[PDB]
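Letter by letter, the sequence shown follows residues 1 to 29 of the deposited numbering. All residues carry an ideal CB built from backbone N, CA and C; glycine is no exception.
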Amino acid sequence: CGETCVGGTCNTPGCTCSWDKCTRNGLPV
Numbered sequence: 001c002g003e004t005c006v007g008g009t010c011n012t013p014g015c016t017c018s019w020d021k022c023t024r025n026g027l028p029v
């Protein structure tokens with residue numbers, strides 16, 4: 001996803017917030 005999160009908020013559903021960035025499938029998709 002490559003997104004960013006302000007505490008844990010992600011845009012694309014399925015993207016998990018980690019280190020202020022949303023990853024997917026265990027990688028920054």
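Distance from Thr4 to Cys15 at the Cβ level is roughly 10 Å; contact not present, criterion being Cβ atoms closer than 8 Å.
In the displayed model, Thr4 falls within a strand according to three-state DSSP. Under DSSP, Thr16 takes part in a beta bridge, and its partners are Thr23.
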